[PDB]
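Trainee:
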Amino acid sequence: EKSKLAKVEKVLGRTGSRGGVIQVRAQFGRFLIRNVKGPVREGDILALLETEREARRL
Amino acid sequence: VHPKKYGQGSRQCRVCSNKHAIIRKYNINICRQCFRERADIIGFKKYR
Amino acid sequence: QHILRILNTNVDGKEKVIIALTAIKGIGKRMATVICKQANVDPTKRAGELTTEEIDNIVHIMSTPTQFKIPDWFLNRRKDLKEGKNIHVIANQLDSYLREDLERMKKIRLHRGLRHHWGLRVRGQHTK
Amino acid sequence: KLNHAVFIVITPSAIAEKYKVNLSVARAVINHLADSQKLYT
Amino acid sequence: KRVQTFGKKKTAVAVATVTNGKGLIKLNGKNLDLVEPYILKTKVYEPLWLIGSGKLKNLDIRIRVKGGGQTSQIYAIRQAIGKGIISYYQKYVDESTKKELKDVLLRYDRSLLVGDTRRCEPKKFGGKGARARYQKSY
Amino acid sequence: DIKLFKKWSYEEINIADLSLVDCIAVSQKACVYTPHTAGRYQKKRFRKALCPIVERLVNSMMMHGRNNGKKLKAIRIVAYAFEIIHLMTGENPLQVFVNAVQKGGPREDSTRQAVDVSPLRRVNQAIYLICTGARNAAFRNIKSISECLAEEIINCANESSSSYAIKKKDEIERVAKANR
Amino acid sequence: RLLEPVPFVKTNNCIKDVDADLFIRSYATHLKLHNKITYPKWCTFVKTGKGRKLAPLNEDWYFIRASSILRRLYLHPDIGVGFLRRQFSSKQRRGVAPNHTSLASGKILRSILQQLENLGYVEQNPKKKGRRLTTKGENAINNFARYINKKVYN
Amino acid sequence: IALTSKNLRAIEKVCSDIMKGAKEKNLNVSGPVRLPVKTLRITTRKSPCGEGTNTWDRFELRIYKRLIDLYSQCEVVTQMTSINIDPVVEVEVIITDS
RNA sequence: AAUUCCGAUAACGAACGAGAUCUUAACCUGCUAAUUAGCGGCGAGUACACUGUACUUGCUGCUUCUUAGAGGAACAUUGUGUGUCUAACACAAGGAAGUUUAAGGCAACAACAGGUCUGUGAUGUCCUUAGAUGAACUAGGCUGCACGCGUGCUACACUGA
RNA sequence: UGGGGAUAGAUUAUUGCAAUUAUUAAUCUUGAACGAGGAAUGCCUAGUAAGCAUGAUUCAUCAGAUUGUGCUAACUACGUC
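Right, here's the structure in full:
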């Protein structure tokens, strides 16, 4: 199945049990809230899978 | 008596007469515990 | 052709001749290699290209190899302390001699013989 | 287990694959054909 | 005339001597190609390819490499050639031309200009490694 | 102008998921004639982007037990692997590598609810998966490593079940999709 | 393979201007062909050094050893036997025990050195302590080096 | 003269004083030759007994050697040196005609 | 990084610790210096080219590199973000160096009936002292082995032998 | 399997007053388990880890030890309770 695109705008915070998850605002309104695994910098572009599955901020 | 001029029983600490743990490097002939008591005045200072 | 059986199995035949020669005794390899050079069977070929005459020559060289140029120190089973003096004695005869030496040790008695009879290693493993 | 033998891309693996040969025999075929790893013709 | 300079990566040192000549380059008594590993060979040819073949055609280069292992020597040579070419143009040829040349080298890589300063962290008792320790067990 | 091993052009790419091109970063100051550049890559988080994608592939490939630190043999194996690729299939090897990375990376994964995979991480995981696939194939297996590495790169570039990396990515992507 | 395009000016005036191996193999082959230096017969039954722990297993090696030694002599102009023993040393797997480098067998080295010396290639002196290279050898090595460089190059 | 010591600062003071002393009298010295420092290093286990963690300390005895070759009458230079030294500096003869 | 600072604040002011100090390793002084270090200068050959290159014996300005003395150099410097906008942090640039440049060393208070009298002519008491637990000599033994647990070494191959 | 070198058998050397419970050394022969390791559990963030050596300490003789030192130069972050 198929990639879709959102560009990382802002890194909000590192989350999860072992700290490996990161809360992120991404631009596809056309904002999308994300939880991402692995190192992210601003101006990275994030590959979406199930595109309507917007996350819960902590 | 039957000493040997080689091997462990041939030699002993210059200060304390222990046969064990002797520094023979540079011909010091002192056991390391004794050497720790003397180590500054001999010149063997600590640094790094 | 391929799939030979000599004194013992030597079914090697896609395999190189020298390693095929090792497969009897001389698995230490130097003894096999010097015998191969002295016999003058050539190392290049595979063991399915051996000549019967070449094999016989190898047996001839192997038998008492002092008379070629193979050195006395290089030779195994040297002094073998007795009135005589010996050579490397090959295969089941070699095993028979080793067995013979162990039998002599048991009669002779000293600590190595006694440990061997008992079932305990020669230099010690430190069984603690 | 081996089942490759004496008689009937120039990598040793390709020759071994195509003709079902041991790699020394594959090398022997390469040398015959031409007339560790390095630049190709 | 002649300028002498160096390159230094790990415990290697490579002295570069840049004199007036014809384009002959040696490494100790021996020609420049004779350094062995083909991959790292290209790294030492690399400054020649960035600067073309004309600039060396007026100059003979002699190199003396002492100390360090294989990788360390190659980088030290690469560094020394860099430092050599640029320094010769500052004393003899022309500062603007040298600045242009320096810009070309800098634009490609700063590693050529100034060596990496990484060097060993000392061994510390309680383990074979520099920081690594003996295996503890309960 | 500059070319890899004097053999591969590196002036052409496809655009991937856009993120991957930015990450792999084949561009003039990242170009070099040969693998083996040991500049400081652990300066900060992002710094791995500036490390050449070929350099990254050699470093990963060198990794495993007895083969550690033997970097020149690992480089030799990649150079031969590209040469094999050039002959076996019709494309430029540099392009074949770009295709393999574009297919190869897994995009979603789970720690506790699946979460999206960051693109730098996705590149690293793909390189690791390709090399691990080569290693699994290599051991005791008669075919030489340069060819085995070449087979992983072409199969990953194609997209196939004759690549470990795609299979592993499929496994990762399915588990994440199922969990979430 | 052996030829590659070059971005600087080669000199071709010495052994220092040509790769070790091609020069060594050709010189070894030439030496055996000429028959200046003997095999000798006893040398086939022994190893190069203890790090091998096996037969030398390569036939023409003695000429190679001589050829490399001769090259080392041009490279380093005053040396003795110990230098050779150290040069040709390699690692010895001691079974269960760790590796150590272990010196090359000194008789074969001593014999090669002596045969070269007899043929006017190399020379024992007190002015410079050990073996140096000497004049008939120096001329021959230099000339043979030129002959090879031209023959290989084009 | 050749100066050997385990006190850097003392050697330095001696170096300056003989340098000034000579330069009054126009004497020929070949400028202070600092030899490679030798350190006598001893690597010592802490604790007189085993117990507790294996803890080592590394002792260093750093010896300084410095060298000056001099063309003059011996007696004045040695007398100037010998009175001006602190006993931690060990003085050894060296002399030239040029 | 830090009872590190700020800030608040019935406390204000302190002190030790910590930082700091010190030893290396990291860069620059075309200053300081040449021996038992280099570099050239220059004689002399041996070799090849070609209007220099390689290689050895003899004499003898230079100090870039070998060595080692003294001294310099970063303080988050500049720029941009975030921060009570306070202490400060983040990013980019500059820079030999930006996690106090990297590494060490040094070790508060109060403990533990932790370890050591098998290091000591440091040492109490209790034991022993000519059929000695002193001094000393010859063997044997500390490594023995149904078996249980540590730390290492060497492997299980072809990115290899 | 020419991987693997445990094990054993035969040697001549070398150190020492003394080498057998093989001090150590080489030389030929001898060719065990072991197919990547259960449950468990250790170390580690940049010239490090890993791999590869080697100097020194003990030493009459004895490194598979310890301590130094280099060369070969990874992975993965660059955080969370």
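Protein chains in written order, with the authors' numbering: chain 5, 2 to 29, 37 to 66; chain T, 7 to 54; chain S, 12 to 139; chain 2, 35 to 42, 58 to 84, 97 to 102; chain M, 6 to 143; chain I, 7 to 118, 128 to 195; chain Y, 15 to 168; chain N, 21 to 118.
The C-beta atom is built at its ideal place from N, Cα and C for all residues, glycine as well.
Pull out every residue of the segment 144-169 of chain I whose Cβ sits closer than 8 Å to any Cβ of chain 2, in chain order.
Mentor: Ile157, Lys158, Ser159, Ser161, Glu162
Trainee: Secondary structure at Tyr91 (chain N), three-state DSSP: helix, strand or coil?
Mentor: strand
Trainee: Under a Cβ-count criterion, where at least 16 other Cβ atoms within 10 Å of its own Cβ denotes burial, should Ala172 (chain I) be classed as buried or exposed?
Mentor: Here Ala172 (chain I) is buried: its Cβ has 16 or more other Cβ atoms, across all protein chains shown, within 10 Å.
Trainee: In terms of alpha-carbon separation, which member of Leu16 (chain Y), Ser40 (chain Y), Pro91 (chain Y) lies closest to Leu147 (chain Y)?
Mentor: If you compare the alpha carbons of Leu16 (chain Y), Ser40 (chain Y), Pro91 (chain Y) with that of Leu147 (chain Y), the shortest gap goes to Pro91 (chain Y).
Trainee: Counting Cβ pairs closer than 8 Å, one from the segment 32-40 of chain M and one from the segment 62-80 of chain M, do we hit at least three?
Mentor: yes
Trainee: Tell me the residue span of the beta strand (DSSP E) that contains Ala111 (chain Y).
Mentor: From DSSP, the beta strand (DSSP E) with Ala111 (chain Y) extends over 111-116.
Trainee: Note down, in chain order, each residue of its chain lying with its Cβ closer than 7 Å to the Cβ of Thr62 (chain Y), except the 5 sequence neighbours on either side.
Mentor: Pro70, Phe102, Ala118, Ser119
Trainee: Look at the Cβ atom of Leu61 (chain M), then the Cβ atom of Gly28 (chain M), and state whether they are nearer than 9 Å.
Mentor: yes
Trainee: Please tell me whether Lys67 (chain 2) and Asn37 (chain 2) are closer than 9 Å, where the distance is taken between their beta carbons.
Mentor: Their beta carbons are not under 9 Å apart, which means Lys67 (chain 2) does not touch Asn37 (chain 2) by this criterion.
Trainee: For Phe41 (chain T), does the count of other Cβ atoms within 10 angstroms reach 16, so buried, or fall short, so exposed?
Mentor: Classification for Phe41 (chain T): buried.
Trainee: Can you pull the chain I residues whose beta carbon is under 7 Å from the beta carbon of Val40 (chain 2), in chain order?
Mentor: Within 7 Å Cβ-Cβ: nothing; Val40 (chain 2) doesn't reach chain I, min ~19 Å.
Trainee: For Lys66 (chain N), which residues does DSSP report across the bridge?
Mentor: BP columns for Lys66 (chain N) are empty, so no partner.
Trainee: Can you check the segment 81-147 of chain Y for any beta strand (DSSP E) of at least 3 residues that lies completely inside it and give the ranges in chain order?
Mentor: 104-108, 111-116, 136-138, 145-147
Trainee: Could you pull out every residue in the same chain whose Cβ sits closer than 8 Å to the Cβ of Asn97 (chain S), ignoring the five residues on either side in sequence?
Mentor: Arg88, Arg89, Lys90, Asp91
Trainee: Please classify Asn98 (chain I): does DSSP put it in a helix, a strand, or coil?
Mentor: coil
Trainee: Is the CB-CB distance between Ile88 (chain N) and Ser50 (chain N) below 9 Å?
Mentor: yes
Trainee: Does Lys25 (chain S) have its Cβ less than 9 Å from a Cβ in chain 2?
Mentor: yes
Trainee: Taking the continuous alpha helix (DSSP H) assigned at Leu135 (chain I), which residues delimit it?
Mentor: 134-153
Trainee: Counting only C-beta atoms, is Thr101 (chain N) closer than 9 Å to chain M at any point?
Mentor: no
Trainee: Between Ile79 (chain M) and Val49 (chain M), which are expected to be in contact by the criterion C-beta below 8 Å, what is the C-beta distance as a whole number of angstroms?
Mentor: 6 Å
Trainee: Between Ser116 (chain I) and the rest of its own chain, which residues show a CB-CB distance below 6 Å, the 5 nearest in sequence each way excluded?
Mentor: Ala191, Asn194
Trainee: Using a Cβ distance threshold of 8 Å, determine whether the segment 86-95 of chain M contacts the segment 10-27 of chain M, with at least three qualifying pairs required.
Mentor: yes
Trainee: How should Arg65 (chain 5) be labelled, buried or exposed, when 16 other C-beta atoms within 10 angstroms of its C-beta is the threshold for buried?
Mentor: exposed
Trainee: Compare the beta carbon distance of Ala141 (chain I) and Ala180 (chain I) with 9 Å and say whether it is the shorter of the two.
Mentor: yes
Trainee: With three or more C-beta pairs closer than 8 Å as the rule, is the segment 161-168 of chain Y touching the segment 28-36 of chain Y?
Mentor: yes
Trainee: Out of curiosity, what's the CA-to-CA distance linking residue 9 (chain S) and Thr20 (chain S)?
Mentor: Not covered by the structure: residue 9 (chain S). The range shown for chain S is 12 to 139.
Trainee: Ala65 (chain 2) CB to nearest chain I CB: under 9 Å?
Mentor: yes
Trainee: Do you know how far the Cα of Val23 (chain Y) is from the Cα of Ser4 (chain 5)?
Mentor: 55 Å
Trainee: Can you tell which of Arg85 (chain Y), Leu16 (chain Y), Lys46 (chain Y) has its C-alpha closest to the C-alpha of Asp74 (chain Y)?
Mentor: When only C-alpha atoms are compared, the closest one is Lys46 (chain Y).
Trainee: Name the chain N residues that come within less than 7 Å of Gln39 (chain T), Cβ to Cβ?
Mentor: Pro68
Trainee: For a minimum of 4 consecutive residues, which ranges assigned as the alpha helix (DSSP H) are wholly contained in the segment 13-39 of chain I?
Mentor: Secondary structure remark: continuous alpha helix (DSSP H) runs of at least 4 residues inside the segment 13-39 of chain I, in chain order: 25-30.
Trainee: Short of 8 Å in beta carbon distance, which residues of its chain neighbour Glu18 (chain I), apart from the five on each side in sequence? Order them along the chain.
Mentor: Answer for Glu18 (chain I): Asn98, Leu100, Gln101, listed in chain order.
Trainee: Closer than 9 Å, Cβ to any Cβ of chain M: which residues of the segment 63-93 of chain I, in chain order?
Mentor: Per Cβ criterion, the list reads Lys77, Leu78, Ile81, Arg82, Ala85.
Trainee: In chain order, what residues of the same chain lie with their CB nearer than 6 Å to the CB of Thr22 (chain M), ignoring the 5 residues before and after it?
Mentor: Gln9, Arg67
Trainee: Going along chain N, which residues have a C-beta under 8 Å from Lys31 (chain T)?
Mentor: For a Cβ distance threshold of 8 Å, residue set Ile62 of chain N lies close to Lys31 (chain T), ordered along the chain.
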